[PDB]
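Asker: This is upload_33.cif, which holds mmCIF, C-alpha atoms:
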```cif
data_start
#
loop_
_atom_site.label_atom_id
_atom_site.label_comp_id
_atom_site.auth_asym_id
_atom_site.auth_seq_id
_atom_site.Cartn_x
_atom_site.Cartn_y
_atom_site.Cartn_z
CA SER A 1 -105.71 -177.01 30.40
CA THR A 2 -107.53 -173.71 30.35
CA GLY A 3 -110.92 -172.29 31.35
CA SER A 4 -112.90 -169.23 30.22
CA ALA A 5 -116.10 -167.95 31.80
CA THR A 6 -118.18 -164.84 31.38
CA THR A 7 -118.71 -162.66 34.44
CA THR A 8 -121.82 -160.47 34.61
CA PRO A 9 -122.69 -157.44 36.77
CA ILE A 10 -125.43 -158.20 39.32
CA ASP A 11 -127.10 -154.81 38.87
CA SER A 12 -126.99 -151.53 36.95
CA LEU A 13 -124.25 -150.14 39.22
CA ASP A 14 -121.75 -153.01 38.84
CA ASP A 15 -121.99 -153.61 42.58
CA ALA A 16 -120.50 -157.07 42.06
CA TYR A 17 -120.03 -159.64 39.31
CA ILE A 18 -121.27 -163.23 39.13
CA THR A 19 -119.74 -166.11 37.21
CA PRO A 20 -121.44 -169.46 36.66
CA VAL A 21 -119.71 -172.43 38.35
CA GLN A 22 -120.56 -176.11 37.94
CA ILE A 23 -120.46 -178.12 41.19
CA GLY A 24 -120.99 -181.84 41.58
CA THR A 25 -122.30 -184.69 39.45
CA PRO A 26 -124.65 -184.12 37.71
CA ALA A 27 -123.60 -180.48 37.58
CA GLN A 28 -125.33 -177.96 39.82
CA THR A 29 -124.68 -174.50 38.42
CA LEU A 30 -124.35 -171.69 40.95
CA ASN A 31 -123.50 -168.07 40.25
CA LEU A 32 -120.51 -167.16 42.39
CA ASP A 33 -118.74 -163.90 43.21
CA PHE A 34 -115.09 -164.41 42.23
CA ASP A 35 -113.13 -162.69 44.97
CA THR A 36 -109.37 -162.08 44.68
CA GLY A 37 -109.48 -160.73 48.25
CA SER A 38 -110.46 -163.97 49.99
CA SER A 39 -109.70 -167.67 49.77
CA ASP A 40 -112.84 -169.67 50.53
CA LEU A 41 -115.18 -171.23 47.98
CA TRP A 42 -118.49 -171.23 49.85
CA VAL A 43 -122.06 -171.72 48.69
CA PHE A 44 -125.64 -171.42 49.75
CA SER A 45 -126.76 -175.00 50.24
CA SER A 46 -129.41 -177.42 51.38
CA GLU A 47 -127.84 -176.98 54.85
CA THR A 48 -128.30 -173.21 54.98
CA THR A 49 -130.78 -172.07 57.67
CA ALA A 50 -134.04 -171.78 55.74
CA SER A 51 -134.90 -168.26 56.96
CA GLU A 52 -131.54 -167.06 55.60
CA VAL A 53 -132.19 -168.23 52.02
CA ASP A 54 -134.12 -165.76 49.81
CA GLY A 55 -133.98 -166.60 46.11
CA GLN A 56 -130.44 -168.00 45.85
CA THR A 57 -129.68 -171.23 44.05
CA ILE A 58 -128.44 -173.84 46.51
CA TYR A 59 -125.93 -176.65 46.31
CA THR A 60 -127.36 -179.96 47.52
CA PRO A 61 -124.47 -182.32 48.20
CA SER A 62 -126.77 -185.33 48.73
CA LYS A 63 -127.72 -185.07 45.02
CA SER A 64 -124.10 -185.17 43.86
CA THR A 65 -122.55 -188.59 43.36
CA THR A 66 -119.05 -187.11 43.69
CA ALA A 67 -119.65 -185.15 46.93
CA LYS A 68 -117.91 -186.36 50.07
CA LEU A 69 -118.18 -184.85 53.54
CA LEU A 70 -114.79 -183.57 54.67
CA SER A 71 -115.09 -185.06 58.11
CA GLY A 72 -114.64 -182.70 61.03
CA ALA A 73 -114.02 -179.63 58.87
CA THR A 74 -115.71 -176.32 59.55
CA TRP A 75 -115.29 -172.79 58.25
CA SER A 76 -116.23 -169.29 59.33
CA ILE A 77 -115.42 -166.06 57.58
CA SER A 78 -115.94 -162.35 58.11
CA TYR A 79 -115.51 -159.83 55.31
CA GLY A 80 -114.40 -156.20 55.31
CA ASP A 81 -117.98 -155.00 54.89
CA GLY A 82 -119.00 -156.72 58.13
CA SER A 83 -120.78 -159.62 56.44
CA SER A 84 -120.08 -163.24 57.40
CA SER A 85 -120.92 -166.88 56.84
CA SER A 86 -119.99 -170.28 58.25
CA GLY A 87 -120.65 -173.99 57.91
CA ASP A 88 -119.15 -177.38 57.09
CA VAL A 89 -117.22 -178.72 54.09
CA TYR A 90 -117.55 -181.19 51.25
CA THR A 91 -115.11 -182.07 48.53
CA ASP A 92 -116.60 -182.28 45.04
CA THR A 93 -115.88 -181.67 41.38
CA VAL A 94 -115.90 -177.98 40.44
CA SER A 95 -115.67 -176.61 36.90
CA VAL A 96 -115.27 -173.03 35.72
CA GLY A 97 -115.60 -172.28 32.03
CA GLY A 98 -114.51 -175.78 31.01
CA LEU A 99 -111.69 -176.12 33.57
CA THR A 100 -112.33 -178.94 36.04
CA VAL A 101 -110.88 -179.53 39.50
CA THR A 102 -111.64 -182.77 41.32
CA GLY A 103 -111.57 -182.85 45.12
CA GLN A 104 -112.17 -179.12 45.52
CA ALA A 105 -113.25 -177.99 49.00
CA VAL A 106 -116.80 -176.69 48.68
CA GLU A 107 -117.74 -174.91 51.87
CA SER A 108 -121.42 -175.37 52.59
CA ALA A 109 -123.08 -172.52 54.46
CA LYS A 110 -125.12 -173.33 57.53
CA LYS A 111 -125.40 -169.62 58.39
CA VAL A 112 -125.07 -166.44 56.36
CA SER A 113 -125.42 -162.82 57.45
CA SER A 114 -128.28 -160.61 56.30
CA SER A 115 -126.30 -158.92 53.51
CA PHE A 116 -125.95 -162.29 51.77
CA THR A 117 -129.58 -163.31 52.31
CA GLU A 118 -130.72 -159.97 50.90
CA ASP A 119 -128.76 -160.41 47.69
CA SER A 120 -130.66 -162.96 45.63
CA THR A 121 -128.17 -162.84 42.77
CA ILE A 122 -125.08 -164.19 44.59
CA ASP A 123 -125.10 -167.92 45.36
CA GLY A 124 -121.71 -167.84 47.08
CA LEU A 125 -118.08 -166.78 46.73
CA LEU A 126 -115.10 -168.28 44.94
CA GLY A 127 -111.92 -167.05 46.60
CA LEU A 128 -108.84 -166.33 44.48
CA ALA A 129 -106.45 -164.84 47.04
CA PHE A 130 -103.68 -167.05 48.49
CA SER A 131 -104.63 -170.30 50.21
CA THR A 132 -102.97 -169.14 53.43
CA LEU A 133 -106.16 -167.10 54.08
CA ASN A 134 -108.49 -170.09 53.73
CA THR A 135 -110.58 -170.45 56.88
CA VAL A 136 -111.23 -174.21 56.95
CA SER A 137 -110.30 -175.82 60.26
CA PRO A 138 -108.58 -177.98 61.37
CA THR A 139 -107.08 -178.62 57.91
CA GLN A 140 -106.77 -175.50 55.74
CA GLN A 141 -107.95 -176.02 52.15
CA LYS A 142 -106.68 -174.82 48.78
CA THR A 143 -108.39 -172.38 46.43
CA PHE A 144 -109.74 -173.45 43.05
CA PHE A 145 -106.81 -171.69 41.37
CA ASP A 146 -104.25 -173.36 43.64
CA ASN A 147 -105.75 -176.78 42.87
CA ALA A 148 -105.90 -176.11 39.12
CA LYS A 149 -102.48 -174.47 38.82
CA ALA A 150 -100.29 -177.45 37.99
CA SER A 151 -102.65 -178.52 35.19
CA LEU A 152 -102.96 -175.08 33.61
CA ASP A 153 -101.06 -174.25 30.42
CA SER A 154 -99.63 -171.25 32.34
CA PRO A 155 -100.11 -170.66 36.10
CA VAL A 156 -102.22 -167.53 35.71
CA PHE A 157 -105.74 -166.24 35.70
CA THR A 158 -107.01 -162.96 34.27
CA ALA A 159 -109.82 -160.60 35.24
CA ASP A 160 -111.44 -158.51 32.50
CA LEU A 161 -114.38 -156.85 34.21
CA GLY A 162 -116.86 -154.81 32.19
CA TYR A 163 -118.27 -151.36 32.83
CA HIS A 164 -122.04 -151.86 32.82
CA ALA A 165 -121.41 -154.94 30.68
CA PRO A 166 -120.25 -158.54 30.94
CA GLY A 167 -116.58 -159.47 31.04
CA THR A 168 -114.39 -162.52 31.38
CA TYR A 169 -112.33 -164.61 33.79
CA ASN A 170 -109.74 -166.77 32.03
CA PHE A 171 -107.62 -169.48 33.61
CA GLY A 172 -104.35 -170.75 32.21
CA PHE A 173 -103.79 -168.32 29.34
CA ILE A 174 -103.52 -164.65 28.45
CA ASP A 175 -105.92 -163.56 25.69
CA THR A 176 -103.74 -161.17 23.70
CA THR A 177 -106.80 -159.83 21.84
CA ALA A 178 -108.41 -158.61 25.08
CA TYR A 179 -106.21 -155.57 25.77
CA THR A 180 -104.43 -152.74 23.99
CA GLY A 181 -100.72 -151.94 24.17
CA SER A 182 -98.56 -153.98 26.55
CA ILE A 183 -99.11 -155.56 29.95
CA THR A 184 -97.02 -153.96 32.69
CA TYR A 185 -96.10 -156.34 35.48
CA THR A 186 -95.42 -155.31 39.04
CA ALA A 187 -94.22 -157.07 42.20
CA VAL A 188 -96.59 -158.77 44.64
CA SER A 189 -96.21 -159.35 48.37
CA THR A 190 -98.07 -162.42 49.62
CA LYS A 191 -97.26 -161.69 53.29
CA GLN A 192 -100.87 -160.80 54.14
CA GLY A 193 -102.32 -163.44 51.80
CA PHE A 194 -103.51 -160.88 49.24
CA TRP A 195 -102.49 -159.82 45.76
CA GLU A 196 -100.72 -156.85 47.33
CA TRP A 197 -98.74 -154.44 45.18
CA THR A 198 -97.52 -150.83 45.08
CA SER A 199 -98.94 -148.31 42.67
CA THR A 200 -96.50 -145.62 41.60
CA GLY A 201 -98.92 -142.70 41.90
CA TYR A 202 -102.01 -140.99 40.59
CA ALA A 203 -103.53 -138.12 38.61
CA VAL A 204 -106.94 -136.44 38.83
CA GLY A 205 -108.51 -135.61 35.49
CA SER A 206 -106.08 -133.85 33.18
CA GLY A 207 -103.90 -132.89 36.14
CA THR A 208 -100.24 -133.65 36.59
CA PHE A 209 -99.23 -137.10 37.79
CA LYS A 210 -98.14 -137.32 41.42
CA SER A 211 -95.38 -139.87 41.96
CA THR A 212 -96.03 -141.56 45.27
CA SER A 213 -96.08 -145.17 46.47
CA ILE A 214 -99.52 -146.55 47.28
CA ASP A 215 -99.54 -150.08 48.70
CA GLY A 216 -102.83 -151.88 48.17
CA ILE A 217 -104.60 -155.04 47.09
CA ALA A 218 -106.17 -156.06 43.80
CA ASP A 219 -109.59 -157.16 45.01
CA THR A 220 -112.31 -158.19 42.57
CA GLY A 221 -114.67 -158.78 45.52
CA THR A 222 -114.71 -155.13 46.59
CA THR A 223 -116.87 -152.73 44.59
CA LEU A 224 -115.08 -149.43 45.08
CA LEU A 225 -111.58 -147.92 45.02
CA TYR A 226 -110.32 -147.19 48.56
CA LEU A 227 -107.24 -144.97 48.76
CA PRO A 228 -105.47 -142.74 51.33
CA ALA A 229 -107.44 -139.72 52.56
CA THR A 230 -105.01 -137.30 50.94
CA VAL A 231 -105.53 -138.85 47.50
CA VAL A 232 -109.30 -139.08 47.87
CA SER A 233 -109.57 -135.46 49.06
CA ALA A 234 -107.56 -134.31 46.04
CA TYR A 235 -109.95 -136.17 43.73
CA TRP A 236 -113.23 -134.89 45.21
CA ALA A 237 -111.89 -131.32 45.45
CA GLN A 238 -112.25 -131.27 41.65
CA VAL A 239 -116.01 -131.95 41.84
CA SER A 240 -118.13 -128.91 42.72
CA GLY A 241 -120.35 -129.62 45.69
CA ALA A 242 -118.72 -132.92 46.64
CA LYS A 243 -118.33 -133.56 50.36
CA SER A 244 -117.59 -136.31 52.81
CA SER A 245 -120.77 -137.22 54.63
CA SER A 246 -120.42 -139.01 57.95
CA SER A 247 -124.15 -139.83 57.87
CA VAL A 248 -124.06 -141.51 54.45
CA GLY A 249 -120.66 -143.10 55.04
CA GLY A 250 -118.36 -141.46 52.51
CA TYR A 251 -117.97 -138.93 49.74
CA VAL A 252 -121.15 -137.87 47.96
CA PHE A 253 -121.53 -135.49 45.05
CA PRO A 254 -124.30 -133.72 43.15
CA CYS A 255 -125.79 -136.14 40.66
CA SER A 256 -125.69 -133.24 38.14
CA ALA A 257 -121.86 -133.27 38.17
CA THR A 258 -119.53 -134.46 35.44
CA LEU A 259 -116.83 -136.51 37.18
CA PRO A 260 -113.15 -136.27 36.25
CA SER A 261 -111.16 -139.36 35.43
CA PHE A 262 -108.70 -140.89 37.88
CA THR A 263 -105.36 -142.32 36.76
CA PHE A 264 -103.24 -144.77 38.74
CA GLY A 265 -99.66 -145.82 38.04
CA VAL A 266 -98.40 -149.33 37.42
CA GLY A 267 -94.65 -148.92 37.14
CA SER A 268 -94.14 -146.38 34.38
CA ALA A 269 -97.54 -147.26 32.88
CA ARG A 270 -100.86 -145.55 33.57
CA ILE A 271 -104.41 -146.89 33.91
CA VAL A 272 -107.18 -144.35 33.37
CA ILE A 273 -110.51 -144.81 35.16
CA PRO A 274 -113.11 -142.75 33.28
CA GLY A 275 -115.20 -140.40 35.39
CA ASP A 276 -118.42 -142.29 34.72
CA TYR A 277 -116.92 -145.41 36.41
CA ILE A 278 -116.79 -143.39 39.66
CA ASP A 279 -120.57 -142.68 39.72
CA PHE A 280 -122.52 -145.05 42.00
CA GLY A 281 -125.81 -143.24 41.66
CA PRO A 282 -128.31 -141.77 44.09
CA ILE A 283 -127.71 -142.50 47.75
CA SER A 284 -131.39 -143.40 48.01
CA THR A 285 -134.05 -143.71 45.33
CA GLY A 286 -134.91 -140.29 43.94
CA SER A 287 -132.08 -138.44 45.67
CA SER A 288 -129.96 -135.88 43.81
CA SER A 289 -126.97 -136.79 46.01
CA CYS A 290 -124.86 -139.49 44.37
CA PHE A 291 -122.39 -141.87 46.00
CA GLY A 292 -118.74 -141.71 44.96
CA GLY A 293 -116.75 -144.67 43.67
CA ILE A 294 -113.46 -143.47 45.18
CA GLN A 295 -113.50 -143.48 48.99
CA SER A 296 -111.02 -143.18 51.83
CA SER A 297 -109.28 -146.29 53.14
CA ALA A 298 -108.60 -144.59 56.48
CA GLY A 299 -109.74 -147.00 59.15
CA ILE A 300 -109.80 -150.01 56.77
CA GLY A 301 -106.09 -150.47 57.38
CA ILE A 302 -105.33 -151.22 53.74
CA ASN A 303 -105.83 -149.60 50.33
CA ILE A 304 -108.10 -151.55 48.01
CA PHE A 305 -108.03 -151.53 44.22
CA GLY A 306 -111.57 -152.83 43.86
CA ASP A 307 -113.79 -153.17 40.82
CA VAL A 308 -113.84 -149.42 40.04
CA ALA A 309 -110.11 -149.63 39.34
CA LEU A 310 -109.83 -153.17 38.02
CA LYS A 311 -112.60 -152.82 35.43
CA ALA A 312 -110.56 -150.10 33.72
CA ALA A 313 -107.87 -152.70 33.00
CA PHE A 314 -107.08 -156.18 31.80
CA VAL A 315 -105.52 -157.70 34.93
CA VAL A 316 -103.17 -160.69 35.10
CA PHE A 317 -102.91 -162.61 38.36
CA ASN A 318 -99.63 -164.46 37.80
CA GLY A 319 -99.36 -167.39 40.21
CA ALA A 320 -95.82 -168.40 39.23
CA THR A 321 -93.45 -169.38 42.06
CA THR A 322 -92.88 -165.67 42.56
CA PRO A 323 -96.30 -164.15 41.95
CA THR A 324 -96.76 -160.86 40.08
CA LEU A 325 -99.65 -158.71 38.84
CA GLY A 326 -100.01 -157.37 35.32
CA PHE A 327 -102.15 -154.46 34.11
CA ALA A 328 -102.99 -153.39 30.57
CA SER A 329 -105.33 -150.78 29.16
CA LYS A 330 -108.22 -152.12 27.09
#
```
Could I get this file's structure written as structure tokens?
Answerer:
Amino acid sequence: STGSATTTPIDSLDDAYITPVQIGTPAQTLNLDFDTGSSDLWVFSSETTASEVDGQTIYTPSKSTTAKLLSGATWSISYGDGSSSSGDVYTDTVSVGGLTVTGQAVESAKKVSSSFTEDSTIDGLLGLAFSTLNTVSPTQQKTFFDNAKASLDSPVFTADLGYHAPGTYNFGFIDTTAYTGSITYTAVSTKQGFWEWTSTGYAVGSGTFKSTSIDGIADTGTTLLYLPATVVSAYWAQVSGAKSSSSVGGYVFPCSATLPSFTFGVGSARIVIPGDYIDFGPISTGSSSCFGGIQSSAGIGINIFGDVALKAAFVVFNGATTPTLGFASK
């Protein structure tokens, strides 16, 4: 089997991407944030505290003939941005782009933090990291990908995120028309439960490539590119007037600037992030200070190849017995 679904930016900045997901019978379609950095499929629901729902579409398990309470199971998750959610668990039928999993754990939110309430466009998350990170207790549950894997034509999914435009998540096949040149594959460590890999270096603009190992995670659920302070300083040093602002929470730059590109290495291959992808706009409405899309990972504890980086590539998440990651230009 295979599946193919379009993923759409939630706003003009590409702050996140939503993908429609069918849950239950008859189908209830929710727009979920596909997150390769976590491993829970959770939704706003009829059980979510009413004051914490503000415009989201909810899953109502009592209206699904295939929903079953997973007795005794609870979940609770906290994300790198400080947001969180928790609740109980149903199993139900879940389909993405024509690919159907029966008995998928659908984690129903009883509580969500303010960041989730305040974002009307995201109805929940669909985790695509390794199932070892799944938070369901006392019996850990499998991700949608893990459940689908054996049935897929090939045990892979691909992320093709757009810049200010829709893109695609495919399951079970590699669309050879979706990228240019060749896909370069690179080793993955699953020891922390992430799609963790080592970039071979970077360049800023038309500058020379610096060969240096940068361990990090491919994370579709993180907006920005978080890299070591040395790397980030070298980037922003090429933008007149750019500075790290403790008050704003990162590097800012004059909105009048033209940003240089940023290149990262995948083996001997190179992925080029155009400068415009690094512009996240005014820090506040009407400001001439703009927020940068490359930020320091110092104090996160890990480097994160988030959407800023991934949307410059066609990315293969290869879930073979020994997982790997592939990157192509597009």
Asker: At a cut-off of 10 Å from (-116.6, -146.4, 55.0) in the coordinates of the file, what residues are picked up using only C-alpha atoms, written as a ChimeraX atom specification?
Answerer: /A:81,226,246,248-251,295-300
Asker: I'd like the interatomic distance between CA of residue 93 (chain A) and CA of residue 135 (chain A), to a tenth of an Å.
Answerer: 19.9 Å
Asker: List every protein, DNA or RNA residue with an atom no more than 12 Å from (-116.7, -156.0, 41.5) in the file's coordinates, counting all atoms listed in the file, and format the result as a ChimeraX atom specification.
Answerer: /A:7-11,13-19,32-37,159-167,218-225,277,293,304-312
Asker: Taking the file as I've supplied it (selection: the PyMOL selection byres ((chain A and resi 328) around 12)), which residues are included? Please answer as a CSV table (one decimal) with C-alpha atoms, keeping the file's coordinate frame.
Answerer:
```csv
chain,number,residue,atom,x,y,z
A,158,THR,CA,-107.0,-163.0,34.3
A,159,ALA,CA,-109.8,-160.6,35.2
A,160,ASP,CA,-111.4,-158.5,32.5
A,174,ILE,CA,-103.5,-164.6,28.4
A,175,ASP,CA,-105.9,-163.6,25.7
A,176,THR,CA,-103.7,-161.2,23.7
A,177,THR,CA,-106.8,-159.8,21.8
A,178,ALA,CA,-108.4,-158.6,25.1
A,179,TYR,CA,-106.2,-155.6,25.8
A,180,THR,CA,-104.4,-152.7,24.0
A,181,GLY,CA,-100.7,-151.9,24.2
A,182,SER,CA,-98.6,-154.0,26.6
A,183,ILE,CA,-99.1,-155.6,30.0
A,184,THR,CA,-97.0,-154.0,32.7
A,185,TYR,CA,-96.1,-156.3,35.5
A,186,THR,CA,-95.4,-155.3,39.0
A,264,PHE,CA,-103.2,-144.8,38.7
A,265,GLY,CA,-99.7,-145.8,38.0
A,266,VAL,CA,-98.4,-149.3,37.4
A,267,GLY,CA,-94.6,-148.9,37.1
A,268,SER,CA,-94.1,-146.4,34.4
A,269,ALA,CA,-97.5,-147.3,32.9
A,270,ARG,CA,-100.9,-145.6,33.6
A,271,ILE,CA,-104.4,-146.9,33.9
A,272,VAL,CA,-107.2,-144.4,33.4
A,309,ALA,CA,-110.1,-149.6,39.3
A,310,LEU,CA,-109.8,-153.2,38.0
A,311,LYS,CA,-112.6,-152.8,35.4
A,312,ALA,CA,-110.6,-150.1,33.7
A,313,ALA,CA,-107.9,-152.7,33.0
A,314,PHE,CA,-107.1,-156.2,31.8
A,315,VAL,CA,-105.5,-157.7,34.9
A,316,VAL,CA,-103.2,-160.7,35.1
A,325,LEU,CA,-99.6,-158.7,38.8
A,326,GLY,CA,-100.0,-157.4,35.3
A,327,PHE,CA,-102.2,-154.5,34.1
A,329,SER,CA,-105.3,-150.8,29.2
A,330,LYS,CA,-108.2,-152.1,27.1
```
Asker: Decode the PyMOL selection byres ((chain A and resi 199) around 6) for the given file into explicit residues and return them as a list in words.
Answerer: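 That expression, the PyMOL selection byres ((chain A and resi 199) around 6), corresponds here to residues 198, 200, 201, 213, 214, 265 and 266 of chain A.
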Asker: Excluding residue 87 (chain A) and residues on its chain fewer than 3 positions from it, collect all residues at most 7 Å away from it, counting only C-alpha atoms, and give them as number ranges by chain.
Answerer: A: 74-76, 107-111
Asker: How about saving the chosen residues, C-alpha atoms kept, as a compact mmCIF listing (two decimals), keeping the file's coordinate frame?
Answerer:
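The result, stored in part_4.txt:
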```
# COMPACT_ATOMS: atom_id res chain seq x y z
CA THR A 74 -115.71 -176.32 59.55
CA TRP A 75 -115.29 -172.79 58.25
CA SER A 76 -116.23 -169.29 59.33
CA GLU A 107 -117.74 -174.91 51.87
CA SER A 108 -121.42 -175.37 52.59
CA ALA A 109 -123.08 -172.52 54.46
CA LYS A 110 -125.12 -173.33 57.53
CA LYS A 111 -125.40 -169.62 58.39
```
Asker: I'd like the interatomic distance between CA of residue 59 (chain A) and CA of residue 23 (chain A), to a tenth of an Å.
Answerer: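 According to the coordinates, CA of residue 59 (chain A) and CA of residue 23 (chain A) are separated by 7.6 Å.
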Asker: So which residues get picked by the PyMOL selection byres ((chain A and resi 197) around 7) here, written as number ranges by chain?
Answerer: A: 187-189, 195-196, 198-199, 215-217
Asker: Can you list, as number ranges by chain, every protein, DNA or RNA residue that comes within 8 Å of residue 22 (chain A) when you count only C-alpha atoms, leaving out same-chain residues fewer than 2 positions away?
Answerer: A: 20, 24, 27-30, 94-96
Asker: May I have the residues from that selection written out with C-alpha atoms, as a tab-separated table (two decimals), in the coordinates of the input?
Answerer:
```tsv
chain	number	residue	atom	x	y	z
A	20	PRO	CA	-121.44	-169.46	36.66
A	24	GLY	CA	-120.99	-181.84	41.58
A	27	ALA	CA	-123.60	-180.48	37.58
A	28	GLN	CA	-125.33	-177.96	39.82
A	29	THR	CA	-124.68	-174.50	38.42
A	30	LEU	CA	-124.35	-171.69	40.95
A	94	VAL	CA	-115.90	-177.98	40.44
A	95	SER	CA	-115.67	-176.61	36.90
A	96	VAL	CA	-115.27	-173.03	35.72
```
Asker: Need to verify the contact set: residue 254 (chain A), 7 Å, all atoms listed in the file, exclusion of same-chain residues closer than 2 positions in sequence. Can you return it as a VMD selection string?
Answerer: chain A and resid 241 to 242 256 to 257 288 to 290
Asker: Write a file of the just-selected residues containing C-alpha atoms, as an mmCIF file, keeping the file's coordinate frame.
Answerer:
```
data_model
loop_
_atom_site.group_PDB
_atom_site.id
_atom_site.type_symbol
_atom_site.label_atom_id
_atom_site.label_comp_id
_atom_site.auth_asym_id
_atom_site.auth_seq_id
_atom_site.Cartn_x
_atom_site.Cartn_y
_atom_site.Cartn_z
ATOM 1 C CA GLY A 241 -120.350 -129.620 45.690
ATOM 2 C CA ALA A 242 -118.720 -132.920 46.640
ATOM 3 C CA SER A 256 -125.690 -133.240 38.140
ATOM 4 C CA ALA A 257 -121.860 -133.270 38.170
ATOM 5 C CA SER A 288 -129.960 -135.880 43.810
ATOM 6 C CA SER A 289 -126.970 -136.790 46.010
ATOM 7 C CA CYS A 290 -124.860 -139.490 44.370
#
```
Asker: To one decimal place in Å, what is the distance between CA of residue 238 (chain A) and CA of residue 282 (chain A)?
Answerer: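 Taking CA of residue 238 (chain A) and CA of residue 282 (chain A), their separation equals 19.3 Å.
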Asker: Quick one: residues within 7 Å of residue 141 (chain A), only C-alpha atoms, excluding same-chain residues fewer than 3 positions away - as a PyMOL selection string?
Answerer: chain A and resi 105+131+134+136
Asker: Can those selected residues be exported to a file as a CSV table (one decimal), keeping the file's coordinate frame so that it contains C-alpha atoms?
Answerer:
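Writing the result to selection.csv gives the following:
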```
chain,number,residue,atom,x,y,z
A,105,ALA,CA,-113.2,-178.0,49.0
A,131,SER,CA,-104.6,-170.3,50.2
A,134,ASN,CA,-108.5,-170.1,53.7
A,136,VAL,CA,-111.2,-174.2,57.0
```
Asker: Taking 5 positions as the minimum chain separation for residues in the same chain, which residues sit within 10 Å of residue 25 (chain A) when counting all atoms listed in the file? Answer as a list in words.
Answerer: residues 61, 63, 64, 65, 66, 67, 92, 93 and 94 of chain A
Asker: Here is a test: counting all atoms listed in the file, which residue of A:157, A:262, A:130, A:291 is nearest to residue 210 (chain A)?
Answerer: A:262
Asker: Counting all atoms listed in the file, figure out which residue out of A:4, A:31, A:117, A:86 gets nearest to residue 55 (chain A).
Answerer: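 For residue 55 (chain A), the nearest of the candidates is A:117.
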Asker: Using all atoms listed in the file, which of A:71, A:154, A:211, A:287 sits nearest residue 137 (chain A)?
Answerer: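 Ranked by minimum distance to residue 137 (chain A), first place goes to A:71.
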Asker: Find the residue from A:85, A:120, A:140, A:1 that sits nearest to residue 70 (chain A); use only C-alpha atoms when measuring.
Answerer: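 Checking each candidate against residue 70 (chain A), we get A:140 as the closest.
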Asker: In terms of the shortest atom-to-atom distance over only C-alpha atoms, which of A:207, A:68, A:102, A:44 is closest to residue 125 (chain A)?
Answerer: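 Going through A:207, A:68, A:102, A:44 one by one, the smallest distance to residue 125 (chain A) is for A:44.
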Asker: Listed atoms of region 41-60 of chain A, axis-aligned box, 6 Å per side: centre and edge lengths to one decimal in Å, as lines of an AutoDock Vina configuration file?
Answerer:
```
center_x = -125.0
center_y = -172.9
center_z = 50.9
size_x = 31.7
size_y = 26.2
size_z = 25.6
```
Asker: Calculated over only C-alpha atoms, which of the candidates A:263, A:39, A:132, A:57 has the smallest distance to residue 208 (chain A)?
Answerer: A:263
Asker: Could you please fill out region 56-64 of chain A with N, CA, C and O atoms and send it back as a PDB file, in the coordinates of the input?
Answerer:
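The file below, part.pdb, is the result:
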```
ATOM      1  N   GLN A  56    -131.696-167.436  46.355  1.00  0.00           N
ATOM      2  CA  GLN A  56    -130.440-168.000  45.850  1.00  0.00           C
ATOM      3  C   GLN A  56    -130.637-169.434  45.369  1.00  0.00           C
ATOM      4  O   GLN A  56    -131.510-170.163  45.839  1.00  0.00           O
ATOM      5  N   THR A  57    -129.789-169.836  44.433  1.00  0.00           N
ATOM      6  CA  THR A  57    -129.680-171.230  44.050  1.00  0.00           C
ATOM      7  C   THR A  57    -128.778-171.930  45.042  1.00  0.00           C
ATOM      8  O   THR A  57    -127.733-171.400  45.393  1.00  0.00           O
ATOM      9  N   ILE A  58    -129.185-173.110  45.497  1.00  0.00           N
ATOM     10  CA  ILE A  58    -128.440-173.840  46.510  1.00  0.00           C
ATOM     11  C   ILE A  58    -127.758-175.060  45.932  1.00  0.00           C
ATOM     12  O   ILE A  58    -128.233-175.660  44.970  1.00  0.00           O
ATOM     13  N   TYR A  59    -126.628-175.400  46.541  1.00  0.00           N
ATOM     14  CA  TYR A  59    -125.930-176.650  46.310  1.00  0.00           C
ATOM     15  C   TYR A  59    -126.485-177.711  47.255  1.00  0.00           C
ATOM     16  O   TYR A  59    -126.582-177.484  48.460  1.00  0.00           O
ATOM     17  N   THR A  60    -126.839-178.869  46.712  1.00  0.00           N
ATOM     18  CA  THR A  60    -127.360-179.960  47.520  1.00  0.00           C
ATOM     19  C   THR A  60    -126.389-181.134  47.409  1.00  0.00           C
ATOM     20  O   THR A  60    -126.432-181.895  46.437  1.00  0.00           O
ATOM     21  N   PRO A  61    -125.490-181.283  48.390  1.00  0.00           N
ATOM     22  CA  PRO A  61    -124.470-182.320  48.200  1.00  0.00           C
ATOM     23  C   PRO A  61    -125.029-183.748  48.123  1.00  0.00           C
ATOM     24  O   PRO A  61    -124.419-184.599  47.471  1.00  0.00           O
ATOM     25  N   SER A  62    -126.182-183.994  48.737  1.00  0.00           N
ATOM     26  CA  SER A  62    -126.770-185.330  48.730  1.00  0.00           C
ATOM     27  C   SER A  62    -127.214-185.743  47.320  1.00  0.00           C
ATOM     28  O   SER A  62    -127.429-186.926  47.066  1.00  0.00           O
ATOM     29  N   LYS A  63    -127.355-184.775  46.412  1.00  0.00           N
ATOM     30  CA  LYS A  63    -127.720-185.070  45.020  1.00  0.00           C
ATOM     31  C   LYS A  63    -126.520-185.195  44.089  1.00  0.00           C
ATOM     32  O   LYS A  63    -126.677-185.416  42.888  1.00  0.00           O
ATOM     33  N   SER A  64    -125.321-185.053  44.641  1.00  0.00           N
ATOM     34  CA  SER A  64    -124.100-185.170  43.860  1.00  0.00           C
ATOM     35  C   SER A  64    -123.395-186.471  44.188  1.00  0.00           C
ATOM     36  O   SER A  64    -123.036-186.713  45.336  1.00  0.00           O
TER      37      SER A  64
END
```
